[PDB]
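Data first, discussion second: the structure below is written as C-alpha cells.
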Amino acid sequence: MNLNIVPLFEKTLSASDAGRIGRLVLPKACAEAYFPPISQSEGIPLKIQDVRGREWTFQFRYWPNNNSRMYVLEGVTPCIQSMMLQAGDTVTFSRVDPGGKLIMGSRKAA
DNA sequence: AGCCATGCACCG
DNA sequence: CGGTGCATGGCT
Numbered sequence: 287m288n289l290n291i292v293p294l295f296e297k298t299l300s301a302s303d304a305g306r307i308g309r310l311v312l313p314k315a316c317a318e319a320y321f322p323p324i325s326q327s328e329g330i331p332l333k334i335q336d337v338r339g340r341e342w343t344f345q346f347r348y349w350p351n352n353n354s355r356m357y358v359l360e361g362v363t364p365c366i367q368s369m370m371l372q373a374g375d376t377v378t379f380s381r382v383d384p385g386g387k388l389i390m391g392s393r394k395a396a
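Remember, PDB author numbering sits 286 above the position in the first sequence when you count from 1.
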C-alpha cells in the first residue's frame, strides 16, 4: 500500500495555548481517538515531525478534571514560535499510513 | 453533562 | 515565588 497523508484533527490555538506556559490543550475526543492510549497522568513522550523535517518532542499527558480528563501537549513553545503561530492560528495533526507516523503543520488565521 | 479556556494553590 | 497540577467557571 502506497504512503498516504491522512488528516486527524486540528486545534485553533487559544491565548493559553500560544503563550508563555508552553502547554497546548488537545480536544479530548481527538486525543483519545487518534493518539496512543495513556493510563497514567504522567503520559508519554510524543514525537511529531513537520513538513520541514523538524522532529518535535512533546510530553503527551493528561490532567484529572473532576472525574474526567483534560489532555495536553507540554513543551510546545519551541514549536509554536519556530512556526510564528499566535492565538487564533490553527495547528493540524495528521498521520502517514501505513505506519501511523504522526505529522503536523499549521496555518495563520484568515 | 461536561468540554475546555484559564484561574490559582501550593510545592519545591 | 514561579510553574505544576489540578480547580473553577464560561459556555454549549
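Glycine is no exception: its CB is placed at the ideal position from the N, C-alpha and C atoms.
Proximity test, residue i beta-carbon vs the ligand SAH heavy atom, cut-off 7 angstroms
i: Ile291; result: The ligand SAH is not among the ligands present in this structure, which contains no ligands whatsoever.
Bridge-paired residues (DSSP) for residue i
i: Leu359; result: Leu310 and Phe346
i: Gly391; result: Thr378
i: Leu332; result: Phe344
Beta carbon of residue i nearer than 8 angstroms to that of residue j
i: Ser392; j: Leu371; result: yes
i: residue 411; j: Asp375; result: Absent from the structure is residue 411, since the part of the chain shown begins at 287 and ends at 396.
i: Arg340; j: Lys314; result: no
i: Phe295; j: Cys316; result: yes
Assigned secondary structure, residue i (DSSP; H/G/I helix, E/B strand, else coil)
i: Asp383; result: strand
i: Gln367; result: helix
Cβ neighbours of residue i in the same chain (closer than 6 angstroms, five flanking residues each side left out)
i: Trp342; result: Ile334 and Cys365
i: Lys297; result: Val377
i: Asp303; result: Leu310
Distance between residue j and residue i (C-alpha atoms, nearest Å)
i: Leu299; j: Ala373; result: 5 angstroms
i: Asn351; j: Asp336; result: 31 angstroms
i: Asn288; j: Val382; result: 10 angstroms
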